[PDB]
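Number of protein chains: 2
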Amino acid sequence: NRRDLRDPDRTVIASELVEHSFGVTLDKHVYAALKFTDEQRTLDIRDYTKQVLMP
Amino acid sequence: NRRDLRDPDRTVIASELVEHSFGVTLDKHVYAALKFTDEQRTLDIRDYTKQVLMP
């Protein structure tokens with residue numbers, strides 16, 4: 056604040072210290088799901104890593 | 056005291072000793088008080104001793 060010099064009133068305005076806050080949260084669940092039959096796993100899938108896991 | 060010599064009245068008037076007293080009291084408070092604004096102290100007062108204390 057500011058005040059005039061030699062002012063007959065000597066009151067000073069109190070400055071105030073106010074911290075603020077917000078919040079961060081986990082919100083989503085990202086997933087990839089696959090299902091195979093025993094026939095597909097036995098016969099169709101030849102390389103599990105290249106055919107299933109990497110995609 | 057005094058009494059007549061060879062007086063058949065052999066009675067002596069006993070003297071008495073009285074000590075007196077008076078009290079001295081501390082009763083007054085002499086003071087000289089001054090007040091200076093921060094503007095007066097910063098700007099108006101040049102040398103504090105001979106301008107404030109000695110008076």
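For the protein sequence lines, the chains are I and E, in the order given.
Sequential numbering from 56 applies to the first sequence in the deposited numbering.
Sequential numbering from 56 applies to the second sequence in the deposited numbering.
Where a beta carbon is used, it is the ideal one built from N, C-alpha and C, also for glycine.
| Query | Result |
| --- | --- |
| If you draw a straight line from the C-alpha of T92/I to the C-alpha of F77/I, how long is it? | 48 angstroms |
| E94/I by DSSP, collapsed to three states: which one? | helix |
| Taking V67/E as the reference, which of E74/E, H75/E and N56/E has the closest Cα? | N56/E |
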